[PDB]
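The data below hold one chain only, encoded as structure tokens and taken in the form deposited in one PDB entry.
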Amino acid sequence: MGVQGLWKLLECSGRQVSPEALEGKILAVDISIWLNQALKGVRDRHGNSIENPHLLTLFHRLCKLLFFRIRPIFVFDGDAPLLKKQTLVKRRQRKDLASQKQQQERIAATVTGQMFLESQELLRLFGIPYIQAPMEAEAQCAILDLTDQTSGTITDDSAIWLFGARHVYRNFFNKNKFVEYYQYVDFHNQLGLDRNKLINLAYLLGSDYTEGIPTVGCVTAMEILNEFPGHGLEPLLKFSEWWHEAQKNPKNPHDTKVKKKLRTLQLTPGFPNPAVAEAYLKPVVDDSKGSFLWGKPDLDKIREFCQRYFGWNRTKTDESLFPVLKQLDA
């Protein structure tokens, strides 16, 4: 999910790009969102469903990555931060209800750990390196972008910006939507957004770490952050103070139309929660400096894997592998 309307606000800075512009670059790829999407499969066959669709999509996307001379570093999620789980609990408390938590995590754990073993097997056969992030994989990609270990990161999760990412390629594994390239420098110089502003935007709009303010979108959020200017987390403190005294027997000394609009919307009794900004500023990553290597694939292991998990014969796997090996010449 990421941040609610962050991509809408940032889109003025992005640059449309042909997939051949990623040729040659080393890039990290968050895979844990692919497994969380092919968790319970899809019935796309004209009469039935697929067995291991996560492996199938992984294979197709590995083929597309190698077709464009990309050198990917896959990053797997680790544990979930406490705030992520609490927000997934409060977003599950709205289960369409009007007028069993210890057996769901334990099933998700083992099912996703088997998906992990399968995916890592396929990645090893393709000779591409991967890393098990300690908690968050988007922060683990951001720390690689910052340390100049990658030329960017392929992801659609806007929340990576809040972890300090600098270069991002988005809509790459989308067919109809053009690939788009975003640089922190460009939208910093355009929109005046640094990391702290983006974190306050996550406070207002909502993310996996906190639910936002029900009325506000990116426009109202930017109007707020520009109406209470400050450093770091100060703007939200000023906003909370002003809103508490605003909802204190009021009756007006020419409040700006934005402040006429903000007295309406409601706030959580604990807003703001500095643990959110802390979890975005100082997350858990591998500070290690890596030396990544990309091995040559071997078609026999790949064909055995394809036959064991999808039931493909040599001439189908080979047909879907013809262009990849064609490009991998020098």
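Rigid core (definition): largest C-alpha set, two forms, superposition within 1.5 Å. Just count from 1 along the sequence shown to find any residue number.
The entry models residue 251 and residue 252 with a gap of 1 to 3 deposited residues left without coordinates. Of the two segments, 317 to 325 and 21 to 29, the one listed with the higher mean B-factor is 317 to 325 (C-alpha atoms only). Between 239 to 247 and 199 to 207, the higher mean Cα B-factor belongs to 239 to 247. Residue-level inspection of the entry shows that, of 148, 157, 79, 105, 105 has the top Cα B-factor. Note on 183, 119, 93, 190: the highest value goes to 93, judged by CA B factor as recorded. Residue 281: CA B factor lies in the lowest third for its chain, per the PDB record. Ranked by Cα temperature factor within the chain, residue 45 sits in the highest third according to the deposited record. For residue 213, the recorded CA temperature factor ranks within the middle third of the chain's modelled residues.
Split the chain's modelled residues into thirds by C-alpha temperature factor. Residue 259 is in the highest one. Per the PDB record, residue ranking by Cα B-factor puts residue 100 in the highest third of the chain.
This protein has a second form, the form deposited in another entry, left out of what is shown; the following refers to that one.
Shift analysis on the rigid core between this form and the one not shown singles out 262 from 27, 262, 279, 31 (C-alpha displacement of 2 Å or more). Comparing the forms between this form and the one not shown, the C-alpha position of residue 219 differs by 2 angstroms or more, with the core used for superposition. Once both forms are overlaid on the rigid core, the distance between the two CA positions of residue 244 between this form and the one not shown is 2 angstroms or more. Comparing the forms between this form and the one not shown, the C-alpha position of residue 167 differs by less than 2 angstroms, with the core used for superposition.
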